[PDB]
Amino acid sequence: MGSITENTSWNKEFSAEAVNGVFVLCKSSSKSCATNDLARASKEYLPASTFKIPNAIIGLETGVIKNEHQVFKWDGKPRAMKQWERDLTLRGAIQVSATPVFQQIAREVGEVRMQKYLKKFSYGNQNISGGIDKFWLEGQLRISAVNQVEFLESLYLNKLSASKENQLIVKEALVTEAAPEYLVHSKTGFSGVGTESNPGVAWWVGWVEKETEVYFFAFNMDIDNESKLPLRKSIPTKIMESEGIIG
């Protein structure tokens, strides 16, 4: 958007849970954003599963994902999560966050084309070192909350450097709540619990369409205890509720 202002009153929801994190919320019509922590809003972290958004688009663009209705066949091998042990649509693989499906997509896209698309998308530090199938999971790729909102705004407007149809296909795959005058697109992320001095990161990013308004959001937090994960949704929902958006 245009402006960003720091709203320190938004710390109340973080301090109540002893969480270190940031929430960025932008209202389209007023071209204005608010955040609890300006400094952290610009700090870059591992995207983890939020990378499914650009990866899905790049997969379609390059033709690795053949079309909108491609089925990703479970081959029979045990997977890290139980919910991934089945055939999945593109929307399904995004929604249940089936990481191995996307690791294979990334391998097929390749280094040259992945690099070019992350440049076109202005996606974070654009550092894809750490292996083609994990740079966004444990490698060197980093993105800020502000950069996520910018990327999501471009996607909403079909202004990414990709076909309008591929942007649309990925947008329907991101729908997480549908009501007559309320629509939510969103995606979670979780890198793990980390180590001594290096906590992991949790994400919730997306946008809310309410009546004729649109609000873009990005949340992240430091995490070293997996039982704290639901906070990645509860904190932003509480803040958006207080704003009259209602999460």
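The first residue of the sequence shown is number 1, and the count goes up from there.
- Comparing 216-224 with 65-73, the higher mean C-alpha B-factor in the PDB entry belongs to 216-224.
- Just going by the entry, 129-137 versus 85-93 on mean CA temperature factor gives the higher value to 129-137.
- The PDB entry assigns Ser197 a C-alpha temperature factor belonging to the highest third of its chain's modelled residues.
- Among the modelled residues of its chain, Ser30 has a C-alpha B-factor that falls in the highest third according to the deposited record.
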